[PDB]
Amino acid sequence: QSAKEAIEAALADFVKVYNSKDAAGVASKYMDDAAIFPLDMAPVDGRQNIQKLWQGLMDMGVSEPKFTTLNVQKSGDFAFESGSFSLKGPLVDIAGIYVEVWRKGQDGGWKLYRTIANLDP
Ligand SMILES: C=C1CC[C@H](O)C/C1=C/C=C1\CCC[C@]2(C)[C@@H]([C@H](C)CCCC(C)(C)O)CC[C@@H]12
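The sequence shown runs 2 to 91, 97 to 127 under the authors' numbering.
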């Protein structure tokens, strides 16, 4: 298993947990001091607030998440990722681009540390 495949597997699980409507499970995939920065929108800091974000999307009926990993570079205990995303809202397409950093755990699992994303118009 390569680094890209490892990240792709991590995101595949992310998708499954989201689709099970388990916002806490989604939030566990982040470091506690992780942060999401949606450009031209309010930053989201810490796992607790990140859980609220994903719970909010669930509550709004947002579905069918897809996260396409384009490029991955492993650097020390970090993995640097470029990708795209697409979701569906009540059906409305919600899509865009992101870059993000994962941190490898002692257990060998990857967790999200930093995400920067932008929504297409
Ligand atoms: C349009 C909606 C639905 C309606 C709401 O009012 C505003 C809004 C939020 C969507 C968000 C903003 C935060 C950043 C999000 C959550 C993106 C993620 C950060 C994308 C990266 C996902 C991952 C796991 C690869 O790292 C996807 C949708 C984006």
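Built from N, CA and C at the ideal position, the CB exists for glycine as well.
>> Please give the ranges of any alpha helix (DSSP H) in the segment 21-86, keeping only runs that are unbroken, at least 4 residues long and fully inside the region.
In response: 24-28 and 48-60
> Any chance the segment 43-61 sits against the segment 76-84, with 3 or more Cβ pairs inside 8 Å?
Replying inline: no
> For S87, which residues of its own chain have a beta-carbon under 6 Å away from its beta-carbon, when the five flanking residues on both sides are left out?
Replying inline: Residue mapping note: residue 87 aligns to position 86 of the sequence shown, counting from 1. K67 and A101, listed in sequence order.
>> Quick check on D126: does DSSP put it in helix, strand or coil?
In response: The residue labelled residue 126 in the question sits at position 120 within the sequence shown. Coil.
> How is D113 classed by DSSP in three states: helix, strand or coil?
Replying inline: Position 107 of the sequence shown holds residue 113. If DSSP states are grouped into helix, strand and coil, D113 belongs with coil.
>> Just to confirm, is the Cβ distance from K30 to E65 under 8 Å?
In response: Numbered from its first residue, the sequence shown carries residue 30 at position 29. Numbered from its first residue, the sequence shown carries residue 65 at position 64. Result no, Cβ atoms of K30 and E65 do not sit closer than 8 Å.
>> Please report the distance separating the alpha-carbon of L125 from that of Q112.
In response: Working through the sequence shown from its first residue, we reach residue 125 at position 119. Working through the sequence shown from its first residue, we reach residue 112 at position 106. Straight-line Cα distance between these residues: approximately 33 Å.
> For the candidate residues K117, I122, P127 and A123, whose alpha-carbon lies nearest to that of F15?
Replying inline: Position 14 of the sequence shown, counted from the first residue, corresponds to residue 15. Selected option, being the one with the closest Cα: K117.
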